[PDB]
Each structure stands twice: as structure tokens, then as C-alpha cells.
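Secondary and tertiary structure notes
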Amino acid sequence: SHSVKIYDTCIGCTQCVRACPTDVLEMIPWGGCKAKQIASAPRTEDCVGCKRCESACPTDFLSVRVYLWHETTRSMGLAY
Amino acid sequence: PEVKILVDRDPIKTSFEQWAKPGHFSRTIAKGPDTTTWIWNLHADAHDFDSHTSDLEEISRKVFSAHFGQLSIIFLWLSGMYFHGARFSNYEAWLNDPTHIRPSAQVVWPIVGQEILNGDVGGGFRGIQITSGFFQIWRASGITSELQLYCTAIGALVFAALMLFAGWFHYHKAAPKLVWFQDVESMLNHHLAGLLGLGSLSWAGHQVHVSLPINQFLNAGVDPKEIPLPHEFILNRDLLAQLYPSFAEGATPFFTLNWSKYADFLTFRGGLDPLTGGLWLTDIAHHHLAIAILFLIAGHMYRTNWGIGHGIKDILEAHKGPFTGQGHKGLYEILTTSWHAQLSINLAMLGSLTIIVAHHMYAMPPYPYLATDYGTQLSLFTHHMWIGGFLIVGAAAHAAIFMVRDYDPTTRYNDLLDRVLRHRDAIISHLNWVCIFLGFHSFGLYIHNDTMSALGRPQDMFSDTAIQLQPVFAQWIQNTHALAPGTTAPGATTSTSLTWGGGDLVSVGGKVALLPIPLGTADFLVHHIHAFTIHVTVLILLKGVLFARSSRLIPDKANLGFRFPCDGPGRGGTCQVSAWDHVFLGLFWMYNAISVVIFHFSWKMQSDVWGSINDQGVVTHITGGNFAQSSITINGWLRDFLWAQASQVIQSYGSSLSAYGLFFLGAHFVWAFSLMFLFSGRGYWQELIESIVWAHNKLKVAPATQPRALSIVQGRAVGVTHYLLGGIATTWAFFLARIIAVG
Amino acid sequence: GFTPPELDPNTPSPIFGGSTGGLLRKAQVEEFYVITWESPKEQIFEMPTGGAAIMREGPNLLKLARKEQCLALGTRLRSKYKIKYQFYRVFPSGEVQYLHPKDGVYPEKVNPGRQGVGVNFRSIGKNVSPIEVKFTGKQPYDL
Amino acid sequence: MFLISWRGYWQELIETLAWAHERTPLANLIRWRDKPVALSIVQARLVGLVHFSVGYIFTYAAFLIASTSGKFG
Amino acid sequence: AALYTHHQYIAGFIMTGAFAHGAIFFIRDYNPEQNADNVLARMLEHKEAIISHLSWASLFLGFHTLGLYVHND
Amino acid sequence: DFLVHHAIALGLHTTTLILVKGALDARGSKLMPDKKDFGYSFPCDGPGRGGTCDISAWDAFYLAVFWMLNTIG
Amino acid sequence: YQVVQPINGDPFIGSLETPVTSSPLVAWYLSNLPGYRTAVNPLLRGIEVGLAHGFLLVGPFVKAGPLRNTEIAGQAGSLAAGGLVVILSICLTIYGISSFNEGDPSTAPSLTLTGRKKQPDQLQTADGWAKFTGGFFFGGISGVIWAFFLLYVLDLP
Amino acid sequence: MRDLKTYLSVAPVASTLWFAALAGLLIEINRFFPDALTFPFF
Ligand code: CLA
Ligand code: CLA
Ligand code: CLA
Ligand code: CLA
Ligand code: CLA
Ligand SMILES: CC1=C(/C=C/C(C)=C/C=C/C(C)=C/C=C/C=C(C)/C=C/C=C(C)/C=C/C2=C(C)CCCC2(C)C)C(C)(C)CCC1
Ligand code: SF4
């Protein structure tokens, strides 16, 4: 299972959650930004590691990060 | 319903304002550059019409006028060829003695010592020997003075200006609408009966009145200046009736149906002309007559405006059975709404046609004095093989584009496409297997042979002396083609080609034009190598097409486009899943297959076909005939073909062939230069550009359009482009230097 | 707090002709997935494995082999059509698992009953150097 | 090969082959214990580079020894 | 000839490894705060000026060497 | 001897450039400022930010081996 | 009417039905082979296997090997086929060793083509696979012996 | 006409003209002073 971490520079634009192809991410309420929103990653046992979320984040530097880690059946994307 | 002209007036206005605003066609480019990447995108998307807009009418208008531009360019290139034949050539002297003067239609200025490239090509002339075979065409045409070449250069220039004007006109003043383009029945009726029928009829006419009599006079020995002008043959007809008595009755037979009385100049001989080493002109005229009749009839199949004819939709809907469901229902709607489907079918057919042209033109030489001009024959075969391969690969590219951007079962459903999509797994499995099996049983034999020859065990080889693998069917078929004239073709005298056999050999000027080509174990091995390479190329391209929309690995691939780098390093890594990357990979394998084809043909022709014959009649081939015994190992290809024939090009420094020696080395350089783009990635390059940019910033000399490294896809594309250029140019220099040097 | 629906078998399936892209041995021994939706009428749609199928008017129940397949099909169903879908994970035991949407709302909309998983309260430039975590099994981003 | 062709193409090919095998009679009585997958990205680079430099050393060694030993001078 | 080529090629591999373990050291075991403002951190502090001048030198040599060889050819 | 010695100098300078850049950028650069959190060797950082193929320091080593082989050649 | 149908009406299994995979002649044939005789002792099936394959593997090693023309050694090249039988039965043994354990049931399917339960095929055991191994090997070596026994001239020795 | 003056100053056309003129200049220099290996003046 890969690791996905959210950092407090997040502006809560939700662009990363819209992009995930396996539904790893989620929005949760917060108080540190104008959107009162922050991303979370509750379901990292399904993450294929495509970094489609990182291409979508606009902050500099990134607010979502994907660290590739130990591989499994779901992580490798095997249908057999 | 009915067919008519449909046009709009003044759709776009002629202006310069859009020239000064780069990237007007795409909204993203129009905005202007921030980084250098912009400049690349501007060129990559320049002719992607159906991506600049959504409207089919606009795409078709652009395509039509772009075609006019291409035709104008081709006419300008023809104009140049004829003008150079007329002005800077030795064509007249070659016309006087064709088997001693080697043709040349390009001279160079004496600027930095480069005038050494103006070599002694015979006839009181010094220049560059050409290999396009234009003198042979101009002789087969009847052209005998440079004034006719001037005239055709001027006519071609006029036609090029005309094409350019029509290209402007049909886009800016009178632009046809979609319903005009989407009428395929009338289009096919015109191209079948009007372009190909009337074309070959008119050409048969020219051969009957100009080429035939002027070539009769030339082969009789008459001085090329004392031959009458062609139009004389038309004004005075007794001139024609002296060479062909049948021209006295003059179209009375063609009506009295006694076509027999034309047997004078419309023959069915077969074989070559033993004076010039080409096909009988009386055969070619009759051929063109027959082809014109066939096409003129075939251009009356489809219904346009008078009931009679065939509806394409009806033909397609009628065909279906118990294995294919409803098949062919729904292909007329597809083949009339996507340009990419049409382009794929057309490219496939044109590439295959070019390869067939290569084979038929070596085996049954059409022009006079072409068969004994070895450099021209090699050049033509090789050129046309390369063109055919490239077009076939483009066919796959545009089938993939159709699958990603146009296929849509919600509004245009076809059954056969759906069923192939539903068993693509079995398809790709079986093709994969057959390529592995074919690769083991052809290259493996070579490896067995090399190892048995190095282990001092030649009786254990796969060869004509130890373990024979004779292609029985090929030998059987060419034996049937030998016995054909008189048994299954009573109307023919000689058989279609001299390669079939019968013991007939044709010579010209002490050179060998043609003779029977022998098939043996080596021919068997080479042909199975060829089957292997073609199967592999097919596997790569068809895998790219069939899985362009989705996979078990990436189930929504169509949403990422047709040309994307990857879908990230996850799932194990997904570099090069797009169909563009499959085209990119198939280009290398096409290069491999065509290269082996042209090596096989080049070595075989010198070894068993080309050479010199003696008055006593003993043929000495250019190479000694070593293809039967040295082609069966890899060491024989490295030693007896590459090392032994590169001598001509590595020894041209100081002669007039030194440009080939320079291009040999330049092409090696460009090939090795591409590996840098192919083996690396853009992260390294952007990080190096960072420090270089720092150095520029230190001196207030840094540019405002921020430099970036190339794209991932651009890296791949630059890599394959330089790889192909380097390799093909190396073989070009090798071939031309070698063949020009010996003869 | 949003009881999730149950899996109702005997729910019909779309009209398909069969294809070599469907389930394999992994669905026999490891796991597979099931998606269900509504389909106001019968309509054609592109299978996420092969060609085209016809979804029936009323509930629809498809069995696929990967979560990504279900989610790509659901994205297609939710935007191009206006359809609500749910999918589940079935084990070889005969055990179902409602999967998505987890708490009844789509994850791109913030719901007040969610906790934060994997959130660091600092910028990404404030991770320690690897030398700080050497010989102990944590990772610099673990904190 | 390993240096110009990259991973995705090969992984899709392997999925096709796995289907083919699992579907054929008398041969699906045999079951692998590791699911076959294409090589890794870094792994492919390493394997390509290894082939490249092995070929390098071997061809040059053969030529150098044969062209000095053949003349022995 | 054999000895010379063997020892030069082994020296080249050893050089590439000598430089690889420097990057491994910089990633794994380097501690910034414990090397504050000494020769090592100073090397890190003007990496642009080192890379830019190496780049200039190698551009210059490549341009003029290949140019003179092509002139002569 | 003059010309080939300048070719040798070009080779040494370019191999040094590759290896030194790989070493001095292994803790992070502008295109990836947190590279040290990823290890010595890793494939890429996906196709975002323009694309990051071959950005690890292992990859600089892998590129430099080609130039080493060319130089010793 | 159409000829191809989804496997047993289920259009979401990754396969199809054709005249190649589900046809009465093919079904009956493939059914009456050793590997598909579920209700039979593993060793008998293995015996059939080894017999047929030793006999088949005789020919090529004889008519193609290095001593094909030397016939003071041409015919006795059955040594090679015996060695090949030995090698791939060693491979059979290690495959069975790694794929199974005696204290575990046999992984074969328990359902049949119509939806009735079957007693799992015992060839997929550890025990029965070792039994089948012995059968195949016995048959292979003695089939090599048999097809070497028929050295009498026929049409092509 | 002004748009044409702008277009003629776009990068590819400007470089084309610049280098064609430079090429003519070097070509004519070498046609007048051929085979120079040194500065033979002072
Ligand atoms: C024959 C193949 C080849 C060539 C010519 C080069 C050349 C170069 N490499 Mg490279 N490399 C190669 C293969 C090659 N490489 C391979 C196979 C790999 C492994 C993937 C690498 C990996 C690599 C790396 C990692 C790096 C280089 C670098 C460099 C540059 C070094 C600086 C220099 O020498 O100044 C210039 C030398 C030249 C030979 C340039 C020649 C081209 C001239 C200018 C032609 C002039 C054009 C002329 C006007 C006509 C144009 C035609 C028109 C149609 C455009 C240089 C341009 C380094 C670099 O970027 O330095 C800063 C660098 O970091 N290379
Ligand atoms: C590295 C060690 C090695 C050795 C010692 C041999 C030895 C031999 N090889 Mg071989 N080979 C090798 C590596 C080796 N090979 C590799 C790596 C390859 C792959 C490229 C090949 C590919 C190869 C081929 C394609 C062929 C040989 C053949 C032969 C035999 C030729 C001489 C002969 O006719 O004998 C006498 C003739 C005999 C039939 C002797 C048979 C040997 C006994 C009787 C077999 C008994 C086996 C035994 C039950 C158990 C098997 C091994 C066990 C100890 C584990 C010979 C015994 C040829 C051959 O004869 O085929 C058999 C031949 O066709 N080799
Ligand atoms: C006898 C009628 C006729 C003829 C001879 C042609 C001939 C041609 N068509 Mg065309 N076409 C026709 C009818 C005809 N068409 C009809 C009825 C339709 C649909 C209504 C189309 C729709 C069509 C399309 C969409 C396209 C063509 C294209 C082409 C060119 C194909 C490429 C080629 O082989 O170039 C061979 C080159 C030559 C033979 C050189 C000689 C060129 C001569 C002068 C052509 C003149 C024929 C033309 C019909 C004259 C009418 C113009 C007149 C009003 C002044 C070719 C010249 C392609 C094209 O336009 O390229 C620009 C293409 O895109 N045609
Ligand atoms: C009738 C032939 C034909 C036509 C009309 C098209 C048309 C089209 N193609 Mg296509 N294609 C063809 C044949 C054709 N192709 C063939 C034969 C191949 C196999 C190689 C391909 C493979 C192909 C691919 C892979 C792609 C297209 C794409 C496209 C679209 C955009 C092209 C573009 O503007 O890029 C811009 C054109 C350039 C940047 C010019 C490139 C210059 C080349 C690389 C240099 C060649 C060197 C030169 C020959 C000699 C060296 C000179 C130098 C030394 C000075 C366009 C609709 C693209 C697409 O996305 O489709 C939607 C796409 O990516 N084609
Ligand atoms: C005394 C010398 C020395 C020592 C002790 C080490 C020690 C170490 N190195 Mg290192 N290195 C060295 C020299 C040395 N290196 C040199 C000379 C180079 C330049 C080539 C490198 C470049 C290098 C890199 C790029 C990396 C290391 C890594 C490592 C660490 C783990 C290596 C490992 O086990 O991976 C496993 C060992 C292998 C995979 C070797 C098997 C594959 C080899 C290359 C194939 C051999 C070729 C073939 C079999 C022979 C020909 C075939 C036949 C036909 C003849 C380890 C602490 C790695 C690391 O983990 O980072 C810390 C790392 O990425 N080294
Ligand atoms: C005696 C004599 C002389 C002198 C000499 C001299 C003066 C010397 C030298 C020399 C030198 C002076 C050399 C050198 C070299 C060097 C090198 C080759 C280097 C290196 C480095 C590296 C490889 C690095 C690594 C790293 C990194 C990257 C980072 C981290 C750390 C480390 C360190 C790990 C003469 C000749 C005059 C004369 C005779 C006598
Ligand atoms: S960025 Fe490059 S290396 Fe990384 S996955 Fe994409 S194509 Fe592969």
C-alpha cells in the first residue's frame, strides 16, 4: 500500500479528490482556510499510485503527496 | 436526394492580420507564449484540423484546399526536374549512346573546391550522375530535344500556379458544403471512370502516336535529330503506315469489329525486347487500352441521379450471416463521417500498392535501357519499398485516432467492430504466439547454422549441401509459369517475366538484363525471416489499435487522449500505454523489416542476376554467386555483404563519389545522436537547464520566454525521427556509392 | 448515521453478448466487485471491458473484477447520464461490502461526519532529513 | 529493446497472455504461483544498461585479441 | 594490448562508482546543521556556478574538436 | 595526438558534469525540492509539472555510464 | 440464428462458446482423455500419458540427432529420449512438491457444466499427483523401450 | 502592409534572411581570398 499525505498549505480546492480513479481521497471540514475545507486520504489500501492527484494540486509546493510503498494485488492493478 | 453542386460565397476573407498573430487556429496557442514549450506546440498541432474545431464542414474545407496546396508543390518539383533535364544535363548525348554515357542532371558551382563533385559522366559533360531514371522515362516518351523538356517545365510551372490559385479559391471564395463532400457514389463514379479510365485511355493514345513510332525509329538506328517530329506522324499518315501497315485502314476495323487487323501494334507477346531490355511497347499500349475499357465500365456501378446503379448502404446491409450477427450494417454512416477511417483504409492500400510496384518493376522492366542501368534499378526498388512501409504504418496511426476520437456505439453502432472488440484478447494471444513460433524457426536456423559452421560441422548445417529445405511450392509455381505460354495461355508467346524460366536470357551491351532466378534453401530461409518481421510489426500496430480505448490495466484510456506520455508510475508503471507510443514502436520494426528486404534483394540480384556476358556466352556475375552458400549464416552477411561492399564508399575520398563518403559518416553521426534522446528523460534536462539559466541571470542576459526541456512525447518523437534518418541515410550512401562504382 | 443499502440479488443485469475481458480466476479465489444503478429507461453504453451493452429499465447489477473498473463506469454513468450508482466488494466467502459512496455523500463535497486521515499540520518543506530517522523504522513523512 | 521500449506496452501484452493460458485445455491444469508482471521501470533501465555494456566489452575484446593475435605483430 | 584495455575499463567503472556513492552519501547520511558553513555546505551553496562552468567547458571542447575533425574530413 | 587528446578531455569533462550534477542535485532541486524524502533510486514523479522521467540521482549515474564507456572507447 | 454464445448463458465470464471449445465431437473427445477422466485412478491416467509420450518422443531424437547417419549409433539414440523423460519427470516432481500439500484438499472445481456437485478431482492432490507422476514416468521409459523394440524395417526407419 | 512588415520580423523569417545574407558575405569573401590558413597582412 502506498502512502498519501496532506499538508496544511492546502487551500481546499477539491481538485485532487475529483481526479482520483480509485476513490482514495475525501473532503473534511476545517478552519484554517477560506474554504473551511481540507483533503484527507482515508482509503489508501486501494491506491494505485498514479499521482493523478498531484498533477491537479495548484499550491507551490504541493499539498498532497504520494509516496510509493509496498506492493499488493490492488496496488498493482491486476485483474487476474 | 439528388446530386448537385453546393457552395458558399466568401466564407473567410483574405488578410494578413492573422499572419502576425501566431497560433490563431487554437485558442490556447493564440494567448501567446510564457515558456518555449509554446513554440513546439504551435508546430505540432498545425494540421490537426479536427482538433482546432468541432464542425465537420470546416474540417473538410480545410482538407480540400490543403490538398490543392500539396498538388501545387508537386507540380513545382516536376517543373524543376524538367528544367534541369533541359538546362544542366547531358541528355542528348546519352540519347545518342545510352549504354556508355552515365545520365547526369545537376552541376555544382566552383566555390570551395567542391567542383570535384562534377565528375566525368561521359559525353563532354561533368556533373552528378542521377539515379531517378528520368532519361529512361523521357526516351520511352519520345522526347528527343531539349526544347520539349523546356516546354514541359513551363507547362508544369503554369499548372503549379493554377493549383495554388484553386487552393485559395475553394477556401476563401467558393467553399463547398458538407453535403457536397459526403456524396461518395458520384465521387467513386468519377474517379473510376473519369480519372483512371480517361487517363489511361489518353495515355494509350499518346503511346500509339508518339512513343511507338519514335521508339521504332530510334531502335532502327536513326540519328535522334533526323527523326521526324511527333506531330508529323499525325499530319502525314503514310509515315505511320510505313511502320505499321494497319494504320492504312484507320479505324475502319475498330467499327467493322475486325480488331484482328490491328495485331500490327496491339500484341500479346510477353517477355522483353532483346534490343533495349524492356517490355514491348506494342504490349504496353494494348495493356492500357484494356485497362481503360475496364475502368470506364467499372465507373458505372453506383447510383447517383437516375435510379440505375448500386446503393452502397444496400450492398453493405445485404451481407450478414450466422457467424457475424448483423455485420456491415452501420459502416456507411461511419465511413462518411470520419476522415480518419478513410485515411487509414487509403494509407493501407496505397502502401501495399507501392510495395507491389517495387516488385513488378524489377521483375518486368517497363522502360527501355533501364534493366542494364543497375544503379537506377536498385534506387527505384529501395525508394518504393521505404515509401510503402511508411504509408502502411501511418494507416495504423489513423485507425487508432479513429478509435480514440470517433468510435461511438451510442449514435453509430456497427456489429463487426463490436465483436472484434469483444474478442481482442484471443486475437492478440494467437498473433503473439505465431510471432514467437515464427521467430524461433527462422532466426533460430541461422543461429544453428553459425554454430555448426564454427564448430567444424558443416554436414550438420541447413543448406543445399547438407540438410535441404527446398521451397517446393515456389519452384512448382514458377515451373507452372514457365509452361504457361502455349498451354494455359495459348495466346502468349513468351511468359510474363524472364525470372520464371524456360532457359531464356536477355543481354544488352554485354550486360545481363534478365534470366531465370533460382530458388534454393537460402531463399526459403530469407522468406521465413520476412514473414517473421511482418508478423511482429502487425502485432505491435494491431495491439495499439485494438486497445486504444481501454484495458484491464487502465480501464478509461480513451479519456487520456491519443497521445499522452503515461498514466503515472503506479500500477507497476504505465509508460507508453497510448496508441501513439505503439505507432512509435512500430516504426522501428518497420525499419527492421524493410531494411532486411532491401538487403536480401541487393545481394541476390548481384549474386545470381546482374553481371556481364561474353560473346561466347559465359555470364560473370558482379559478386561471384556466393548468395547460395554464404547467406545461410550471419557471419556470411557480416563478411561477404557489409564488409566487402562498403569498400566503394570508404574509398571515395578524392573522387567524384566523395559526397557519399561524407554522407556515410554524417548519417552514422545522426543515428548515434538520436540514442541520446531515446535513452534519457526530461527530468535530468530540466534540472541542468536550471543551472544554465542561473548563469544567464547573473549577467542580466536571461530570456523572458522561460526555457524548458522538451516534452516526454516530443523526446520520443525527436528520437525516432533522428534514428530513422540516420539509418536510412547510411544505407542510401552505401548503396549508391557501391552500385555506381562497379559497372 | 446513513445505514448503507443492502445488496439485492435477483437484480437483473444488462444485455451483453459475452466477451473475453470479464472475470477470471482472481474472482474465484480472491475478490470481485459489483455495481448497481437505476437506468430510467433501456439504453446503450460502452462496457468498461469490451464493446457495448444495453442497460435495462429499472435496477441494474454488473459484476466486475477491479475497483477502478467500477469507478470508471460510475463516472461515465454519473456525468454523461444522470444516474446514481453504488458498488460493493464480494469475497469468496459470500460476504458483501458496501464500498462507494462511503457515507452517503460524494467525496468531493464536505460532510460533517468525517475524520482526518493522513494530515500533517506543516508545509512539505519542513520534513526532517533522512539522517534523522536512520536505523529506526519510521519515515520522514510519517510525522 | 529494454532501453527504448518501456513498461506499459509489455504489461498489457502479459495480461493478454495470462488470459490465453488460463483458457486453454490440459494446460490450465497447471497453475503458476506468482502472477506474471512486466519488469519494473528502474529494473528495465538496469537490465538494458547491463546488456549494453556486456555487449560492448565482449565485441571489443574479441576484435582486439583477434586482430593482434592474427598478426602477432 | 589486453592488459591496457582491461585496466582502463576497470578504472572507468571504479570512477563512476566513486561518484555514485557521493550522491548516496548526500541523500542518506548528510546532516546540514552539523556542517553549517564549512567547505561541504559551501559546495552545496554554489552548485549552479560549478555546473554552469563544467557545462561551458564541455560545450567548448565538443564544438571545437568535432569542428576541426569535420573540417579535416 | 593533439586532436585525440582534446577528445579525451571532452569525454572526461562531460562524464564529470553528469556525475557532479547528479551528486549536487540529489537532495532536491527546483523541479523537485523534496527529492531527499524519496531515496537514491526511484522511477519518476509522474507526468505532472511537465514530466519527471529520469530525475533521481541513480538516473544520473545510469546516464553517466554511457559516457564513461564512450570515453574509455 | 448465431453460433457463438456466452459461456453457459453468463455473459460476464471472461470466455465464450464456439464450435471450437463447446462442440459435441470436441466435448466427447476431450472428455474421454486421461486428463479429463475425473473419476479414474491417477496412476492409470498417468500410465496412458507416459506411454504415449515416450513412444512419440522416440522418433525425433533418432531421425535428427548428431549421429543420425552413423548407425553403429543411429538407432540407439533412444538414450536421449530416455533422458528427456527422466528430466521432465523430475520437473513434474518438483512442480507437484511446490504446488500442493497432503493435508489440504484438491483445488479442482467441484461444480459441473450444469450446476451439480462433483467430488473434487484427486489428480490435483499431493498424493495423487505423486501417483500420477510415477505412472507417467513408468510409462515414459517403457514406451521409449517399446518404440526402440520395433527396429524392424517398415516404411521409414 | 503593416501586418506584412510585422510578419517579416517573426523569428523564422528574420533568421532566414539574416543567415542568407551572412552566407552570401562569407561565400564572396572566400571567392576573393581563397585557401586562407593564416593572416598574411600584419
Ligand atoms: C553521437 C551521439 C552524441 C552526441 C553528438 C552527443 C553530444 C552531446 N552530449 Mg550526449 N549522449 C549520448 C550521445 C551523444 N551526445 C548518448 C547515447 C547518451 C546516453 C543517453 C548521452 C547522454 C548525455 C548526457 C547526460 C549529457 C550529454 C551531453 C552532451 C553535450 C555535451 C557538450 C558538447 O560536447 O558540446 C557540443 C558538442 C556537439 C557534438 C554538438 C554537435 C551538434 C552541432 C552543434 C551541429 C551543428 C548544427 C549545424 C549548424 C547543422 C544543423 C542541421 C539543421 C538541420 C538543424 C553534447 C551536445 C551533456 C550536456 O548537455 O552538456 C551540457 C549532458 O549532460 N549527453
Ligand atoms: C554445459 C555442458 C554441456 C554438456 C556437457 C553437453 C553435452 C552434450 N550436448 Mg549440449 N547444450 C548445452 C550444454 C552442454 N551440452 C547448452 C547450454 C545448450 C543450449 C544451447 C546445449 C544444447 C544442445 C543441443 C541442441 C544438443 C546438445 C547435444 C549434446 C550431446 C552431443 C554429443 C553427443 O552426441 O552425445 C551422445 C548422444 C547422446 C544421446 C547422449 C545422451 C546423454 C544421456 C544418455 C542422457 C541420459 C539423461 C539422464 C537420464 C539424466 C539427464 C541429466 C541428469 C544427469 C540430470 C552431448 C552429450 C546434442 C544431442 O546429442 O542431443 C541429445 C544436441 O542435439 N546440446
Ligand atoms: C472526371 C472528374 C474528376 C476528376 C478527373 C477528378 C480528379 C481528381 N480529384 Mg476529384 N471529384 C470529382 C471529380 C473528379 N475528380 C467529383 C465529381 C467529386 C465530388 C463531387 C470529387 C471530389 C474530390 C475530392 C474531395 C478530392 C478530389 C481530389 C482529386 C484529385 C485526386 C488526387 C490525384 O490523383 O491527383 C492527380 C493529379 C492530376 C491528374 C493533375 C491534373 C489535374 C487536373 C487538371 C484535375 C482537373 C479535374 C477537375 C474535376 C477539373 C474541374 C475544375 C473545373 C471546374 C475548372 C484529382 C486530380 C482530391 C483533391 O482535390 O486534390 C486537390 C480530393 O481531395 N476530388
Ligand atoms: C496522406 C498522409 C498523411 C496525412 C494527410 C496525415 C495527417 C495528419 N497526421 Mg499523420 N501519418 C502519416 C501520414 C499522414 N498524416 C504517416 C505515413 C505516418 C507514419 C509515420 C503518420 C503518423 C502520424 C502520427 C504519429 C501522428 C500523425 C498526426 C497527424 C495529424 C497532424 C499532423 C501534424 O500537423 O503534425 C505536424 C507536422 C510536423 C511537425 C512535421 C514533422 C517533420 C518530420 C518529423 C521531419 C521529417 C524529416 C524530413 C522528411 C527530412 C529531413 C529534413 C531535414 C534534414 C531538414 C494530421 C491530421 C498526429 C495526430 O495527432 O493526429 C491527430 C500524430 O501524432 N500522423
Ligand atoms: C568496493 C566497491 C563497492 C562496494 C562495496 C559497493 C557497495 C554497495 N553498492 Mg556500489 N558501486 C560500485 C562499487 C561498490 N559498491 C561501483 C564500482 C559502481 C559503479 C558501477 C557502483 C554503483 C552503485 C549504484 C548505482 C548503486 C550501488 C549500490 C550499492 C549498495 C548495495 C548494492 C547491492 O547489493 O545491490 C545488488 C547487487 C546487484 C544488483 C548486482 C547484480 C547485477 C550486476 C550489475 C550484473 C553483473 C553483470 C553480469 C552478471 C556479468 C556478465 C555476464 C556474463 C555473460 C559474463 C552497496 C552498499 C546501490 C544501492 O543500494 O545504493 C546504496 C546502488 O543503487 N553501487
Ligand atoms: C608530483 C609531480 C607533479 C605534480 C602533480 C600534482 C600536482 C598532482 C595531482 C593531482 C590531483 C589533485 C588529482 C586529482 C583527482 C581528483 C579526483 C579524481 C576527484 C574526486 C572526487 C570525488 C569522486 C568526490 C566524491 C564525493 C562527492 C561527489 C561529494 C561527497 C564527498 C565525496 C568525496 C564522497 C607534476 C605532474 C607537476 C610533475 C611530476 C612531479
Ligand atoms: S513520468 Fe516517465 S518514467 Fe514516470 S511513469 Fe511517466 S513515462 Fe514512466
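Residues numbered from 1 in each chain as written, not as in the entry; some residues may be left out. Chains lettered and ligands numbered in written order. Part of a larger assembly, values for the part shown. Heavy atoms only, no water.

1. Points about the site of ligand 4
Residue and element names in this part refer to chain B. Not every one of the 14 residues close to ligand 4 is listed here, only the nearest: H47, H398, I401, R563 and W580. For ligand 4, an oxygen atom lies 3.2 Å from a polar atom in the backbone of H47. For the shell around ligand 4, the secondary-structure elements that each account for two or more residues are α2 (37-44) and α16 (374-405). Take the shell around ligand 4: its biggest share by element is 6 residues, from α16. Along the lines of polarity and charge, the residues of the shell around ligand 4 split into 6 nonpolar, 5 polar and 3 charged. (Near = heavy atom within 4 Å. Polar contact = N/O pair within 3.5 Å; in protein donor to acceptor, adjacent residues only side chain to side chain. Helix = DSSP H or I, 4+ residues; strand = E, 2+ residues; numbered from the N terminus. Nonpolar A, V, L, I, M, F, W, Y, C, P; charged D, E, K, R; others polar.)

2. What about the interface of chain A and chain C?
Contacts between chain A and chain C engage 41 residues on the former and 34 residues on the latter. Area buried by chain A at its contact with chain C is led by A:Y7, A:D23 and A:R74, which between them contribute 17% of it. At the junction of chain A with chain C, the criterion picks out 4 salt bridges. The salt bridge involving A:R74 is made with C:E31; its shortest N-O contact spans 3.2 Å. Seen at the junction of chain A and chain C, the total is 13 residue pairs in polar contact. Only β1 (3-7), α1 (15-19), β2 (26-29), β3 (37-40), β4 (64-67) and α2 (73-76) of chain A provide two or more residues apiece to the side of chain A that touches chain C. A per-element tally of the side of chain A that touches chain C places β1(A) first, with 5 residues. (Contact = heavy atoms within 4.5 Å. Buried area = accessible area lost by both parts, 1.4 Å probe. Salt bridge = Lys/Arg side-chain N within 4 Å of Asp/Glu carboxyl O.)

3. With respect to the packing of aromatic side chains
By the definition in use, this model includes 84 aromatic pairs over all chains. Note on B:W168 and B:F169: the rings are 6.4 Å apart at their centroids and 50° apart in plane angle, and the pair reads as tilted. Classification of B:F169 by relative accessible area gives partly exposed; the value is 30%. Ring geometry for B:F601 against B:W610: centres 6.4 Å apart, planes inclined by 85°, an arrangement best described as edge-to-face. Side by side, B:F601 and B:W610 carry an identical accessibility label, which is buried. Here the basic side chain of B:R269 rests over the ring of B:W280, its NZ or CZ set 3.8 Å away from the ring centre. The residue whose ring lies beneath C:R78 is C:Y106, and the NZ or CZ to ring-centre distance is 4.2 Å. (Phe/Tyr/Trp six-rings, centres within 6.5 Å; stacked < 30°, edge-to-face > 60°. Buried < 20%, exposed > 50% of the residue type's maximum accessible area, 1.4 Å probe, protein only. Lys NZ or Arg CZ within 6 Å of the ring centre and 35° of its normal.)

4. Brief notes about the interface of chain H and chain B
Between chain H and chain B, the residue contacts involve 6 residues of the former and 5 residues of the latter. Together, H:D3, H:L4 and H:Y7 form the three largest contributors to the area buried by chain H at its contact with chain B, with a combined 59%. On the surface where chain H and chain B come into contact, there are 1 residue pair in polar contact. Counting only elements with at least two residues in the side of chain H that touches chain B, the list comes to α1 (2-7) and α2 (11-32) of chain H.

5. Some words on the side chain of B:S211
Residue and element names in this part refer to chain B. Secondary-structure assignment places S211 in helix α9 (residues 184-219). For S211, a relative accessible area of 0% gives the class buried. For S211, the side chain forms a polar contact with the main-chain oxygen of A140, separated by 3.4 Å. Aside from chain neighbours lying at most four places away, what touches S211 is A140, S141, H206 and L281.

6. Quick look at the pattern of salt bridges
Per the stated rule, a full pass over the model turns up 52 salt bridges over all chains. Of the charged contacts, one joins C:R114 and A:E26 as a salt bridge, the two residues approaching to 4.0 Å between their closest N and O atoms. Here C:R114, found in the loop between β6 (98-100) and β7 (119-120), pairs with A:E26, found in strand β2, and the two come from separate chains. Exposure class is identical for C:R114 and A:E26. Each is buried. One salt bridge in this structure joins C:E30 and D:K35, with 3.4 Å as the shortest N-O distance. Taken together, the residues C:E30 in the loop between α1 (25-29) and β1 (32-37) and D:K35 in the loop between α1 (7-22) and α2 (41-71) connect one chain to another. Residue D:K35 is classed as partly exposed on the basis of its relative accessible area, which comes to 28%. Overlapping salt bridges bring together A:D46, A:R74, C:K26, C:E31, C:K67 and C:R89 as one network.

7. Points about the site of ligand 2
Residue and element names in this part refer to chain G. Taken together, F61, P66, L79, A80, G83, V86 and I87 make up the full set of residues adjacent to ligand 2. Per-element tally for the shell around ligand 2: the top contributor is helix α3 (residues 78-99), with 5 residues. The class makeup of the residues in the shell around ligand 2 is 6 nonpolar, 1 polar and no charged.

8. Structural notes on the nonpolar core
B:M385, B:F584, B:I598, B:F679, B:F735, F:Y40 and F:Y62 are the most contacted members of the largest nonpolar core, which has 128 residues in total. By residue number, the principal contributor to this core is helix α22 (residues 579-608) of chain B, which donates 16 residues. One finds A:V17, A:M27, A:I28 and A:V66 within the second-largest nonpolar core, a separate group that totals 29 residues. (Core = buried A, V, L, I, M, F, W, Y, C linked by side-chain atoms within 4.5 Å.)

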